[PDB]
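K.L.:
Line by line, the protein sequences are chains A and A'. A prime marks a further copy of an entry chain.
So that you can map any letter, position 314 of the first sequence is 334 in PDB author numbering, and since no number is skipped, the others follow by simple counting.
So that you can map any letter, position 343 of the second sequence is 363 in PDB author numbering, and since no number is skipped, the others follow by simple counting.
Note that the Cβ used here is the ideal one computed from N, Cα and C, for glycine as well.
Before anything else, here's the structure in question.
2 protein chains.
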Amino acid sequence: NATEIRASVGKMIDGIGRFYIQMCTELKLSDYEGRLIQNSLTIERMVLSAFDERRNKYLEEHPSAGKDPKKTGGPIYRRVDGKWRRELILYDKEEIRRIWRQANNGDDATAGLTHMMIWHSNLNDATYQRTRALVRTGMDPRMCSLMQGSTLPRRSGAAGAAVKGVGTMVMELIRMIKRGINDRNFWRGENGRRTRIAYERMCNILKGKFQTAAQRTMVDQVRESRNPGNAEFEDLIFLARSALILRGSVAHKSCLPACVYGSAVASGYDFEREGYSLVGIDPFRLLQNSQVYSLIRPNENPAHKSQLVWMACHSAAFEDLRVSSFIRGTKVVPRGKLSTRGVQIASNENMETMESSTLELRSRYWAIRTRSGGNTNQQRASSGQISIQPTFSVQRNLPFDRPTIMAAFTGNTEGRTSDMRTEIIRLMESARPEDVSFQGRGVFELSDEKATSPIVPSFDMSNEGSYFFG
Amino acid sequence: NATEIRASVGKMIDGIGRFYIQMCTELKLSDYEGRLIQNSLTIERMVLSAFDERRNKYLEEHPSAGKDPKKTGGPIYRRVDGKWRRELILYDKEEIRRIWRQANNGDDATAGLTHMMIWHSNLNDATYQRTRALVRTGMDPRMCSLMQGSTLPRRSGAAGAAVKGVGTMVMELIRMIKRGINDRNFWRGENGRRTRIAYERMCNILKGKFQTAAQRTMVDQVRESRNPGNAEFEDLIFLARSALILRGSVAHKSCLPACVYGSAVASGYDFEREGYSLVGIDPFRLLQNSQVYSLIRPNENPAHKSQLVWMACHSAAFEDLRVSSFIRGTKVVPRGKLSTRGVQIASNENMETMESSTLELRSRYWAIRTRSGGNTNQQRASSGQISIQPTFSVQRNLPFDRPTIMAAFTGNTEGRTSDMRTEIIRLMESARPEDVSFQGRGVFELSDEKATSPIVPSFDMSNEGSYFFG
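Now the structure itself:
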């Protein structure tokens, strides 16, 4: 059944929206002030800090960073008769914790929290990619397209586990491997137990994310090493390099800024009644009638800023430029020639140069974001029955496709990773960059509500460049 | 045990002989007509066409060449009161297929078929050498002595795999390499799978045929290339050039014409009882009491024709002229001054000029044809123990010949082919053209049945020329 999940997501988004309304009430902000991305970012990171129990518990035992008992940050921006001002106002954790407490009818709202962490992951992935950590681990910065949800902490649950990508998991595993190489953390203490439990859980998440059998079995053989040394390091690097083409269907949750949700909730559009979806038309239908303001530097182009924020909202920073432009309706500028900077504003930059303006979010078309992979993998490995069932009682043979039956079982168990690298490189060679994917699907029009008739895109515009980076 | 193989070969030759008797019965041919090489060639090539499933299956989908549903060729020659006549009589495939079906007590007679393909290979190798394909592949026609069984199709089994030579395998590999260079046949389709399977099987056959370790390891490193480009092309050319001296013991099966087998079977000499061998005295003992007739042009010398047909029967076209003459008893004329042409007769040449005559096959001596190589290779690399076993329990060292122990294992694996070309050229330099081979063996007399006492040949007849070609 899908009605229950729809009601649950509608309920928790209604809670988030009415929390945002409560914030707009308590901050004494004007109508325009509540349509700002920056203040939503500030309050939302404040919520992240308040609800992150582990960092807090690390902090009350560590009274450092000067003024840090329980209050952090808070750069609220207010419009003064056309000009702008920034104030560093500090808020307690317990008060706003309880404001959430009645902002969700007595619940913890963990799903909402995961929504905020995921929307932060999308903003960071859209703005800045961490080539720095990649090169730190020795890992090639050519594969930044594997950095989905890198800024996410491990505190996120299964819903948060859905969005964090393959390459980010390679990075976090490499971090723990380097730590275990530096010192003997693998002893029989409770620390070793929690490390191996986390390691096996993360490997299970990995094997869930992949699609082809060969990579799944190689990963299953990865955690056989009770004492991970150096071989699994290049094993995981090659895992990422092979997942370049055999990508895992991780997630692309379409999280939206708190201002848009709050404006919708304030207008009386209760999400529980008509339902809410995070994947279909629904996150789209709020945006063509949404007004968003933000601050811009006197050199930044607002036209680029609108495209970038729509990227971040729809987590399309790692999507191809051609289809993103087709859905948007206008050409999208790659990261190479963007005359803009990060949407976050520095704490030291001067107050005079900021100017507020409206953000354009309307898009001509819409499409469903499925958590799947390209059809090319199913082209490499076709589909069909392998077994048969006797319906009539007739004296006949039972046809069994035996050579694939051994392949599923792997009768002769794989010796090491290398034998798997062999046929996975063979599959990579079988791959082609002209393999059309997602057959039977298309882009629909905004007037469509039940996905009745799509239109297939056709891109013949030479080599404009399907690479947002470079 | 050797009795079972002897019985099997005797049985299948008895089947072939009684099939030939059935053909002589159904063709209504006279006594002399069944002693003709030409009619045996015609019926035998007809059998090849009937039992070759792949070409047939290519043909019923390709109804071309005019009159070609299921009937091909058939130039039967009949003697008319001294003169000769040629008739193009066409036979169906299924009828003669079933005639074989009871001609071998319900078996397929695949071994007999391989015997016919091998005897065709010997006739072609004796008559005409394919310098043309060699030059087509850019391959030097100085090495025609490596063309054993070139006309053989790949359908031949392990018994047929025994006779097809090293240079022919170089040629077929070069053909597939050129085809894979022309188009990308190496994709992940089923065609690529069958190509790599055939390629590895043929490389296994090659490594089976060679004798020295260095060439075997270089060949083992040949198929490491998953995408064969151009380097392995000259690698295989150099393989053939090195196998010039370090020849592989491929095979020299002594196949005999169907007329000789049929005459023996008709006389009541059942091969199952007294046994048959294809390698010892036995294929020889049928020939001194065998009568064979054939057609000859008014310019062709019958004396040369008898020597050439005995060459083709004994597959001694690539054997040295001195020993071939010694075993035959008379001088053998090289290909340079043979006033004869191919034993096959053209379809357009006139009926008047043909004249039939007896073929001389009796030879003074006999010798065993072992599938081995010259003793010179064992002179270059001597023989002896490398390890020892403790018989008495005595506190003593275990002598191990370590530097050759690494050599067998190749502890430092060879980088490329070039390091192997180095020491193989060194071995070629160590080679001498005066190295006497086949020590401990000799030529026996026809009166000998158990190989009791041979006589060693001694050739001091200057430089008559041990080269059938040139």
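1) Report the option in A':265, A':282 and A':320 whose CA atom is closest to the CA atom of residue 396 (chain A').
2) Helix, strand or coil: which one does DSSP assign to residue 104 (chain A)?
3) So if DSSP puts residue 95 (chain A) in a beta bridge, which residue, or which two residues, is it bridged to?
4) Identify every residue that forms a DSSP beta bridge with residue 376 (chain A).
5) Taking all protein chains shown into account, do 16 or more other C-beta atoms lie within 10 angstroms of the C-beta of residue 168 (chain A), making it buried, or fewer, making it exposed?
6) Measuring alpha carbon to alpha carbon, tell me which residue in A:236, A:193, A:232 and A:231 is nearest residue 215 (chain A).
7) Using a C-beta to C-beta distance shorter than 9 angstroms, which residues of chain A count as neighbours of residue 139 (chain A')?
8) Distance check for residue 281 (chain A') and residue 293 (chain A'), CA to CA, integer angstroms please.
9) Can you pull out the residues from the stretch 449-462 of chain A whose beta carbon lies closer than 9 angstroms to at least one beta carbon of chain A'?
10) Excluding the 5 residues preceding and the 5 following residue 154 (chain A) in the sequence, name in chain order all residues of the same chain whose CB lies nearer than 6 angstroms to its CB.
11) Using a Cβ cut-off of 8 angstroms, pull out every chain A' residue sitting near residue 447 (chain A), in sequence order please.
12) Check residue 330 (chain A') in the structure and name its three-state DSSP category.
13) Where do the ends of the alpha helix (DSSP H) carrying residue 346 (chain A) lie?
14) Grab the span of the alpha helix (DSSP H) containing residue 40 (chain A') for me, first residue to last.
15) How long is the line joining the alpha carbons of residue 431 (chain A) and residue 224 (chain A'), rounded to whole angstroms?
16) Assign residue 469 (chain A') to one of three DSSP states: helix, strand, or coil.
17) State the DSSP-derived secondary structure class of residue 502 (chain A'), mapped to helix, strand or coil.
18) Counting beta carbon pairs with one atom in the stretch 350-360 of chain A and one in the stretch 313-331 of chain A, are three or more of them shorter than 8 angstroms?
19) Among A:335, A:45 and A:206, which one has its Cα closest to the Cα of residue 148 (chain A)?
20) Is the CB of residue 441 (chain A) under 8 angstroms away from at least one CB in chain A'?
21) Considering Cα atoms alone, identify which of A:406, A:302 and A:419 is closest to residue 466 (chain A).
22) Report buried or exposed for residue 74 (chain A'), applying the criterion of at least 16 other Cβ atoms within 10 angstroms of its Cβ.
23) Which full runs of the alpha helix (DSSP H) of 4+ residues lie inside the stretch 367-418 of chain A', going along the chain?
24) Give a yes or no on whether the minimum CB-CB distance between residue 400 (chain A) and chain A' is below 8 angstroms.
25) Look up residue 56 (chain A') in the DSSP assignment and say whether it is helix, strand or coil.
26) I'd like to know if residue 143 (chain A) contacts chain C, where contact means its C-beta is closer than 8 angstroms to some C-beta of that chain.
27) Assuming residue 488 (chain A) and residue 355 (chain A) are in contact, meaning their beta carbons sit under 8 angstroms apart, how far apart are those beta carbons, in whole angstroms?
28) Taking Cβ positions, are residue 273 (chain A') and residue 138 (chain A') nearer each other than 8 angstroms?
29) Just the C-alpha distance for residue 368 (chain A) and residue 64 (chain A), rounded to the nearest angstrom, thanks.
30) Run through DSSP, which three-state label would residue 194 (chain A) get?
31) Would you say residue 426 (chain A') and residue 234 (chain A') are within 8 angstroms of each other, going by their C-beta atoms?
32) Mind checking whether the beta-carbon of residue 113 (chain A') lies closer than 7 angstroms to any heavy atom of the ligand FMN?
33) Bridge partners of residue 475 (chain A'), per DSSP?
34) Helix, strand or coil for residue 303 (chain A')? Go by DSSP, reduced to three states.
P.N.:
According to the structure shown:
1) Here residue 396 (chain A') refers to the residue found at position 376 of the second sequence. Considering only alpha carbons, the answer is A':265.
2) Along the first sequence, read from residue 1 onward, the residue named residue 104 (chain A) stands at position 84. It is a strand residue.
3) By one-based count along the first sequence, residue 95 (chain A) stands at place 75. Residue 95 (chain A) is bridged to A:108.
4) Counted from its first residue, the first sequence places residue 376 (chain A) at position 356. For residue 376 (chain A), which the question treats as bridged, DSSP gives the partners A:315.
5) Locating residue 168 (chain A) in the first sequence gives position 148, where the first residue counts as 1. Answer is buried; the Cβ neighbour count reaches 16.
6) What you label residue 215 (chain A) is simply residue 195 of the first sequence in a count that begins at 1. Selected option, being the one with the closest Cα: A:193.
7) Position 119 of the second sequence, counting from 1, holds the residue named residue 139 (chain A'). Those within 9 angstroms of residue 139 (chain A') in chain A number zero; the least Cβ separation is about 38 angstroms.
8) Position 273 of the second sequence, counting from 1, holds the residue named residue 293 (chain A'). Position 261 of the second sequence, counting from 1, holds the residue named residue 281 (chain A'). When rounded, the distance between both Cα atoms is 16 angstroms.
9) 449, 450, 451 and 452
10) Taking the first sequence and counting its residues from 1, one reaches residue 154 (chain A) at position 134. Same-chain partners within the cutoff: 161.
11) On the first sequence, position 427 is the one that residue 447 (chain A) refers to. What residue 447 (chain A) touches in chain A': 208.
12) Numbered from 1 along the second sequence, position 310 holds the residue referred to as residue 330 (chain A'). Residue 330 (chain A') falls in the helix class under three-state DSSP.
13) As a working mapping, residue 346 (chain A) is identified with position 326 in the first sequence. Per DSSP, residue 346 (chain A) belongs to the alpha helix (DSSP H) from 341-348.
14) Position 20 of the second sequence, counted from the first residue, corresponds to residue 40 (chain A'). Taken as a continuous stretch (DSSP letters only), the alpha helix (DSSP H) holding residue 40 (chain A') covers 23-46.
15) Start at 1 with the first residue of the first sequence, and residue 431 (chain A) comes out as number 411. Start at 1 with the first residue of the second sequence, and residue 224 (chain A') comes out as number 204. Each residue's Cα considered, the two are about 25 angstroms apart.
16) Looking up residue 469 (chain A') in the second sequence gives position 449. Residue 469 (chain A'): coil per DSSP, three-state reduction.
17) Residue 502 (chain A') is absent from the model: chain A' starts at 21 and stops at 490.
18) yes
19) Position 128 of the first sequence holds residue 148 (chain A). Cα-wise, what sits closest to residue 148 (chain A) is A:335.
20) On the first sequence, residue 441 (chain A) is found 421 positions in, with the first residue counted as 1. Closer than 8 angstroms: no.
21) Taking the first sequence and counting its residues from 1, the one referred to as residue 466 (chain A) is at position 446. Residue 466 (chain A) has its Cα closest to that of A:302, out of A:406, A:302 and A:419.
22) Here residue 74 (chain A') refers to the residue found at position 54 of the second sequence. Looking at its Cβ environment, which holds fewer than 16 other Cβ atoms inside 10 Å, residue 74 (chain A') is exposed.
23) 396-400
24) Taking the first sequence and counting its residues from 1, the one referred to as residue 400 (chain A) is at position 380. Cβ-Cβ to chain A' under 8 angstroms: yes for residue 400 (chain A).
25) Taking the first residue of the second sequence as 1, we reach residue 56 (chain A') at position 36. Strand, per DSSP.
26) Absent here is chain C; the protein component of the structure consists of chains A and A'.
27) Residue numbering aside, residue 488 (chain A) sits at position 468 when the first sequence is read from its first letter. Residue numbering aside, residue 355 (chain A) sits at position 335 when the first sequence is read from its first letter. That pair is a contact at about 6 angstroms.
28) Looking up residue 273 (chain A') in the second sequence gives position 253. Looking up residue 138 (chain A') in the second sequence gives position 118. Against a cut-off of 8 angstroms, the Cβ pair of residue 138 (chain A') and residue 273 (chain A') comes out as a contact.
29) Within the first sequence, numbered from 1, the residue matching residue 368 (chain A) stands at position 348. Within the first sequence, numbered from 1, the residue matching residue 64 (chain A) stands at position 44. Cα to Cα, the separation comes out at about 21 angstroms.
30) Along the first sequence, read from residue 1 onward, the residue named residue 194 (chain A) stands at position 174. Of the three classes helix, strand and coil, the one that applies to residue 194 (chain A) here is helix, per DSSP.
31) For the purposes of this step, residue 426 (chain A') is taken as residue 406 along the second sequence, with counting starting at 1. For the purposes of this step, residue 234 (chain A') is taken as residue 214 along the second sequence, with counting starting at 1. No; because the gap between Cβ atoms is not below 8 angstroms, this pair is not in contact.
32) In terms of ligand content, the structure shown is empty, and the ligand FMN therefore cannot be addressed.
33) For the purposes of this step, residue 475 (chain A') is taken as residue 455 along the second sequence, with counting starting at 1. DSSP output for residue 475 (chain A') lists A':463 as bridge partner(s).
34) Residue mapping note: residue 303 (chain A') aligns to position 283 of the second sequence, counting from 1. Helix, per DSSP.
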